[PDB]
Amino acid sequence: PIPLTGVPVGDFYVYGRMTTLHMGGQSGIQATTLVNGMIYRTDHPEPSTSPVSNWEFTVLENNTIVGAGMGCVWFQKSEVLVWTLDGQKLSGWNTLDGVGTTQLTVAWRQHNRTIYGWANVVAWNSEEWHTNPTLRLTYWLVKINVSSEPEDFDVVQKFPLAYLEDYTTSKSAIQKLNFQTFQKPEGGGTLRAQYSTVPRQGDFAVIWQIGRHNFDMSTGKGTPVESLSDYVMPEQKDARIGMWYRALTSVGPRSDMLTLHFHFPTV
């Protein structure tokens, strides 16, 4: 047997149980199915000097927004395997304990307080899908610097789904070529973000954003996504990053064995 020793050198895979941050719910009811709630707040009580994207997380370089975070899954370095490849041969069975982070920071807007310097970007990956900047799905591996306990709160939440036109609950006219993202309320015109579990300092999380934005795979920087709507995808897509179905699922469990591939800075 090969023990999980060493630190991943170069691009590396991370496979293990990853837990969704908050569940789409309503006060009193345990939210168990709505896995992809994306908090979308345009109101900016943030001082103009300290900016934050229209979403929950905001990737920043030096006070400048270089990305956004709509979804968040988190894990612990003790529950995940890490391996790096030589083509398709195993070149490392390593652990994240002692991984190096970048200067890039992630800011977490929580209900009524935003935690600047919540995490430091470690590695990333991204992929585009042309819709006619084009639509991209970018995610970041981040190392968590602080330990915060978020507060459940009702907020408007956009979800991924299909473009239906004659909806019934048990048949609806489905549009192909079409990705749709829209808000979904329960009770108020918003939806409760039920933070079931929560990571801590030293843990790891994988935040991501999907939609029209630009990204640069060597610097880890890009642009935040402003808004989400309908998207017409003309041709097919055979993706390689390994998280499109998780980022497009409407309903799922809280956690599941998910695999991810991450790329280090290569300026």
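Heads up: residue numbers just count along the shown sequence, starting at 1.
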Report summary line: In the entry, residues of the deposited sequence missing between residue 169 and residue 170 amount to 1 to 3
Requested in this report: Between residue 132 and residue 133, determine how many residues of the deposited chain lack coordinates; answer none if the chain runs continuously, otherwise 1 to 3, 4 to 9, or 10 or more.
Outcome: 4 to 9
Report summary line: Avg C-alpha B-factor, entry values, 233 to 241 vs 40 to 48, higher side is 40 to 48
Query - Of 145 to 153 and 90 to 98, the one with larger mean CA B-factor - result: 90 to 98
Query raised in the report: Of the options 117, 160, 188, 71, which has the highest CA B factor as deposited?
Result: 188
Query raised in the report: Out of 180, 110, 105, 126, which residue has the highest Cα temperature factor in the PDB record?
Result: 180
Report task. Taking the chain's C-alpha temperature factors as the reference, tell me which third residue 26 falls into: lowest, middle or highest. Result -> highest
Report summary line: Here the Cα B-factor of residue 56, set against its chain, lands in the third termed lowest
Query - Chain-relative CA temperature factor third for residue 222 - result: lowest
Query raised in the report: Relative to the other modelled residues in the chain, which third contains the C-alpha temperature factor of residue 193: lowest, middle or highest?
Result: middle
Query raised in the report: residue 214: which third of its chain by C-alpha temperature factor?
Result: middle
